[PDB]
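Each chain carries a letter (A, B, C, D, E, F, G, H and I) given by its place in the written order, and its residues are counted from 1.
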Amino acid sequence: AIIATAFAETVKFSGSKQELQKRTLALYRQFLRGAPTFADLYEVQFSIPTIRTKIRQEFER
Amino acid sequence: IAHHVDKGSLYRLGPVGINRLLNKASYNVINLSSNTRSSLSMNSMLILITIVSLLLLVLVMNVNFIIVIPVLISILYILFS
Amino acid sequence: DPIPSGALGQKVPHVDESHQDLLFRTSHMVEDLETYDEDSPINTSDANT
Amino acid sequence: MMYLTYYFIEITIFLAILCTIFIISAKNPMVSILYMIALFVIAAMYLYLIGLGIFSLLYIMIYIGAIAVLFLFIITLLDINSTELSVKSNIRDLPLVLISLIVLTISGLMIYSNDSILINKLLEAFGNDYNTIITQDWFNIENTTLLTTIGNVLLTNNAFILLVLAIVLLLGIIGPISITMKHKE
Amino acid sequence: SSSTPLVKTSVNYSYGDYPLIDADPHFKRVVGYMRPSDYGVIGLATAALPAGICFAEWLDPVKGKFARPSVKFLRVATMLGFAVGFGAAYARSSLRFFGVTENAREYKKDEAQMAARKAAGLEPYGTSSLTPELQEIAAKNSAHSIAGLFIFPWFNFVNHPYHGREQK
Amino acid sequence: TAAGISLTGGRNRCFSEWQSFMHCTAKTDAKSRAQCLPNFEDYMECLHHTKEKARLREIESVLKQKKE
Amino acid sequence: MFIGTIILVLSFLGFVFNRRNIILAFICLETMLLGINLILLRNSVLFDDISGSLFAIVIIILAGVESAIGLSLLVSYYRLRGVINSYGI
Amino acid sequence: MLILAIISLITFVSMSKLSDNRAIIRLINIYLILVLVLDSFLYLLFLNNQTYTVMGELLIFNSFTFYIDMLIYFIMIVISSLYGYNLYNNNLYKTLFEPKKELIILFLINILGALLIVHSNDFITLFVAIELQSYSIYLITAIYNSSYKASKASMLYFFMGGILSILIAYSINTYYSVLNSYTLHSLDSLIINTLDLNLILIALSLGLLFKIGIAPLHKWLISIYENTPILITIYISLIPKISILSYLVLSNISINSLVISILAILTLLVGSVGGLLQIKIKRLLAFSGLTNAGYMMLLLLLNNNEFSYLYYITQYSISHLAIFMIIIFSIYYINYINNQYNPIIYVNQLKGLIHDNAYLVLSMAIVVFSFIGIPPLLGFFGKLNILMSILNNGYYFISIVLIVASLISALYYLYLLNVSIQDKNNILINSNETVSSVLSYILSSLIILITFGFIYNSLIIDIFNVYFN
Amino acid sequence: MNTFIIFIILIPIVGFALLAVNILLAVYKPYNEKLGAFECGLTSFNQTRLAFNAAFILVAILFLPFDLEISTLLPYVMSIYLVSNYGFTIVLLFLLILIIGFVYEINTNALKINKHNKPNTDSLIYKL
């Protein structure tokens, strides 16, 4: 078969806001945990706190 | 007699003193290769020390015997005390 | 009545599954009296998987 | 012009000391292997100097050509962490290092002479002063070299050690397969 | 080509209580001087090893139940048993040559064979493709080699004159 | 087994002294083995050249200090 | 005699006082064998003798097999552990 | 026969599955039995101690070496039986004791090196055989590559044996530099008393001896014996010792050495004292082997030592095999399997064995009191002959040290018996699985030999007086 | 001073000629991305080594013994006449014993690369 990539998630539309709440919080956790990787992979000229600030901004939007 | 000789000194020169002597000597013998971090460097040092110590001891006994005796007594002290 | 004694009357540990734990790694007892296995089926269940 | 090539044994001794120090000292073990290769080159030189160039070429094709290659092969494939030579880690060795250097060198030079008094046993080892006379004979009619004679004795007078080295090489094949390979069933 | 020795050898040395025939007998002689007892030993080993593994399977079986071993193992067993038996037979005949066991028949046979060889103007113990120096090296490699039968096999194939007997 | 063989396939530098010493050992028993002392001294002298070196040290020293 | 004793002794000391590598241990063993072979061959030349050169070529073969086996054992150790560290052999 | 076996087994194992290795081991065990039965008449060559030089002058064959070879075949027979026959036909005992594919070949090659060590007459043969032993026994320590401890021991053993082999080669090449020879036959009275030669010779002796754990270089081999599998330990703790000590006994190299005396005293004291606080079984038995190696070091200072050495090495081999077999048999009753490789580690796991198997404890008692040297058992006669020789040759302080070590070692020998004859709750009442017939018979035969071999001492001495004098 | 010696020294102590010519003649004004290494590509601080198949290291480990075999045959071919019909048999036994190990190597398939993601060969059976 055609298998999924590393960090793939099957598309599953929640039928509840309370489950999507947990899903969104997990995704926020994953972004925050991966920000150091985003600074190492992309030769970033600024802080890891700045990356997390940007993540929080885009999640507040 | 019954308590200071027959259950005192004659047990010290006997089952009690030998037991304590051998506890200490055993503990000193096994707590010689001290570091399990690296087993190779330690035993390598032991080869080196053995060869050097033997060579110098054979030098000393060729010079004169009775001088090597306290050296061996002190080596036993270091190994077993 | 049982507490394990040794050859010279000294205290010996009764070796269980008790102290094949991550607690009792990173201690510096001699090779004789260590009791951490490193080949136990408790520790080596996920090994080259 | 004559004595420009006199001290070419002493130079090899000096360079060998240097390359051993660099082996012990190099940061990356790849560099230690390269300095081991340089030490093999120096030894091969010295062997040419004393008249054994056959062994020099055998060394070049065996040691450098296979063993050093395998060393590089493994360090290219395996993670071998290293602690750098440090003063907070290795300076404690200096007393024992110096004691052992003196004792081991002096005993290694004393062990080769049969004289009874101990100090004279070193003094004969340093008695390299007088030259050897090389006279010529006419009795050797054939073209026998060192390799020919090695073959002659190894295949006639010493056939057993060759047919035991065969089993040593069998081990060299059968052991690594037993240790590295995993047999299915 | 000359078949004359380069080094001195013992004359009629005593390895046992019985007289000497050859101190380094050829493979051909050791096999031709065999007795029916030796062939019986060969067959005995040849039959004993496979029967041995079946006996072992009977005593303690590999799996739970008894099953006669494969014909694979019986074949390899027969071959190895024949080898062991040939070793023992060669050793028995060689010890008869050395004077360690009773060797009257072999003594008379060697006497008659050497007398016929002298009658036919042939060299005793044969003519070799090798130089005398290599005959010497071969004898020194093969002499008394049956003592190491437990470790390695070695046999004489060289037709040298260093058998420990008088010159004629 | 390879004893007494040269780099060229023949007799070595100190063969003759060794062969003399071994002749004298074959003549002798463990109680008469001390007769073979000069032969063994000769063999070792051929090997290592100690006595000749001491001799040349004496010659050189006479060339050394009795002149300068 | 000198070059070989020197290489041998320095290799032995660099084996004994190695707090760095395992590769240095392998290297020091090989250089020790080298030093022995050089003393051996110098004596072979001075005596005009073949037994020394025979022993030397035998050492070459045996050291090659030693290297092969040692670097198979290291590979098993690495199969299980995945990293060969400064310490712990 | 060994080389025939090796060249046969390599092919037959290459063309066979992993399901066939046990049967292969059985086959070669029967092969070795047939050899030891049919070819053992060669003892008649050595009547009146006739000695033979073979392969030029590279090998030596006498009654001593023939006996050591028969002994090594007997040992290999027992060790192969432990791999070729299942103790119990359970899944546990098919998980713990399985032969690996190449193990038998490596065993036979190591046996070859052992015998070419004892039969060696020239140092080139000795070195080739030492390396053929040591490489093979590295790989034997490493063949169970799914064990962290065994891989670690493999590498430690490689490096330490390598260094000691460097020492042996330096000794050999220095001997050659002095005398221009590789043969010890080149030595006589005159050469010994004319040349100072003891540094070279004792360097050789120590390079050979530290390879079997002679103090102060014992901890590494004791760790190797601890950390290896039990059925590998039983081999690697015995056969190298036999080989090297037999070479050093046949070669009269250390006849009145002060260094060997000192180090032998040290081995006795260490091997007796250090085993007192050991809680593990294999380390205890390793220190036992160390002190027995000391007892056998003592007879490297004698110049007439054949009977004592042969008696003691035979009885020590039988006792060693018996005690390891008893520890292997005790795994059915221990209540806690520690590892796949060392199922039993600690001595207190033998607590209460007399209530599950009493005659196994009788065997243990016999072996323990032979180790202590209690008559009428075999170790007593061993110690007696050693004492006879060393007191006939003037070692009076070493004798008192020997007595004191015999006494101090009894404590850790008796630790096993004491805990074995203790009481235990949750005893065994029934079990439908039965242990093997063959291994039971082998153990019983060893125990009966230990117990009733003194009956034949007169006969053995009368045979020795014809074949060794 | 022989032509052999002259050549074998001259080649090394002259080989850097075009090296120096290139270092002195050619531009050198690096960028960051001219000091870079690829079109795309990256790797975090994951490890320093990749997992490799056993054959990759076994070919090198087995090169040593077979190379030593073929190099040990050199004394024979330089002694072939002097060891006439004795050393011939000896080296044949040598080669046979060393062919046994080669047979072992072939029958074990030690230099073969094995594949994990096998193709499925099992039938499709439907429980009715």
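Observations on the model:
Following the convention adopted for this analysis, a contact is a pair of C-beta atoms (placed from the backbone, for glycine too) under 8 Å apart; a residue touches a chain by one contact, two chains touch by 3 or more.
Common neighbours of subunit C and subunit G (chains touching each): B, H. Simply put, of D-H and C-H, more C-beta pairs touch at D-H. Chain geometry summary: the mean Cα position of subunit G and that of subunit H are 28 Å apart. Here the spacing of subunit C and subunit F, counted between their Cα centres, is 65 Å.
If each chain is reduced to the centroid of its CA atoms, subunit F and subunit H end up 44 Å from each other.
For subunit F, the set of residues touching two or more other chains reads 1-3, 5-7, 9, 12, 14, 44, 47.
Residue positions of subunit I touching 2 or more other chains: 57, 61-62, 64-65, 67-68, 72, 75, 82-83, 86, 97, 100-101, 104, 108.
Multi-chain contact residues of subunit C (touching two or more other chains) are listed as 8, 10, 31-33.
Every pair of chains in contact is given here: A-I, B-C, B-D, B-G, B-H, C-G, C-H, D-E, D-F, D-G, D-H, D-I, E-H, E-I, F-G, F-H, G-H, G-I, H-I.
Taken in their complex, subunit G has these residues touching subunit B: 12-13, 15-19, 25, 87-89.
On subunit F, the positions that touch subunit D within their shared complex are 1-2, 5-10, 44, 48, 50, 53, 56-57. By the touch rule above, subunit F contacts subunit H in their complex via residues 1, 3, 12, 14, 25, 30, 33-34, 36-37, 40-41, 44, 47. Interface residues of subunit B facing subunit C in the complex, by the touch rule stated above, are 19, 22-23, 26, 30-31, 33-36.
The touching residues of subunit D, when paired with subunit E in their complex, are 156-157, 159-160.
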